[PDB]
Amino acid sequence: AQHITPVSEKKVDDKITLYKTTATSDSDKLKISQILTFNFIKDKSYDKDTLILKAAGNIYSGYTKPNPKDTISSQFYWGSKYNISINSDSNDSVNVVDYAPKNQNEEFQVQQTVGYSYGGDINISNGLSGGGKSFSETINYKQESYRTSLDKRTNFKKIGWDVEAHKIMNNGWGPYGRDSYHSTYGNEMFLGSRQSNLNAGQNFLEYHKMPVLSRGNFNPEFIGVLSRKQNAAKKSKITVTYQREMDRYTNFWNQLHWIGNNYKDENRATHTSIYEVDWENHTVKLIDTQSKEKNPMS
């Protein structure tokens, strides 16, 4: 589905006006949904428009439960990495001026507030600040066992955030990761027990003991702040891409003990939306949307 709310105009102070529009789009098939808040800022003392764009919504992990009847060897897909990107095109006068989170973060919950100040200054602060005086937008997301890092393509026209498995505990053992190595037991991140008597399909860490991001959903909350000189072209393009990367975890009984293995990037599911931004009218229009997945199931 797709939807765009009419513009919401609010006078922040005597000099700054907020023009807010919420755009949504999703893939029912991929269980990926985007909730984008376009906060256009207009300030009488600055000759550039400011757009504080919040990207939120949902990204299913892509997890598949292993068949409990599997004997000898079993396997499952799990969400190993999430990528959220925002890029600007079709207007050389539109630049990325700030974004949050700004630095690597492995805290269990990320909470920040981006604020706009008279003059065009963008400030940042930890935690969920006010609401208010002045305009501000917050980011709030849980990522237990995962780590946020900036995409290496982040530059003046593109911002990206990678949220990847980082320290996964298995019954007090770990922390494990996508490449944990053990000469005898392989990658034991989600292995049940080395001498388990159960079927292969039942010898995996209990679903509720796995991180929410590995087997459930990731609810991203990111902010990209862009600027545009007011004398430049009136329109531009904003592309927002939400993606989940899946790894295949496996187990195998070798006649003596269990062995676990993790095969990275076995599948990717992505939902992308392209919006035409009218900076003069503070409105957005969906240009197109694409949803894709190259190697589903198992």
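Just count from 1 along the sequence shown to find any residue number.
Unresolved deposited residues lying between neighbours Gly119 and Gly120:
Going from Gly119 to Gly120, the model skips no residues of the deposited sequence.
Stretch with the higher entry mean CA B-factor, where the candidates are 173-181 and 119-127
The deposited B-factors put 119-127 ahead on the C-alpha mean.
With respect to the recorded C-alpha B factors, which stretch has the higher mean value, 5-13 or 282-290?
Between 282-290 and 5-13, it is 5-13 that shows the higher mean C-alpha B-factor.
Tell me which of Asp70, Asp28, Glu266, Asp47 tops the list for C-alpha B factor in the record.
Reading the PDB entry, the winner on C-alpha B-factor is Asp47.
From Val94, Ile86, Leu205, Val163, residue of greatest CA B-factor:
It is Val94.
Third of chain Cα B-factors occupied by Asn219
For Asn219, the deposited C-alpha B-factor lands in the lowest third.
By the record's CA B-factor, is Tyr146 among the lowest, middle or highest third of residues in the chain?
For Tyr146, the deposited C-alpha B-factor lands in the lowest third.
C-alpha B factor of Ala233, ranked within the chain: lowest, middle or highest third?
Its C-alpha B-factor, which the entry lists for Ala233, ranks in the highest third among residues of this chain.
Ranking every modelled residue in this chain by its Cα temperature factor as given in the entry, which third contains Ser227?
As the PDB entry reports it, the C-alpha B-factor of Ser227 lands in the highest third of its chain.
Looking at the temperature factor on the CA atom of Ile59, which third of the chain's modelled residues does it land in?
According to the entry, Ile59 has a C-alpha B-factor in the chain's lowest third.
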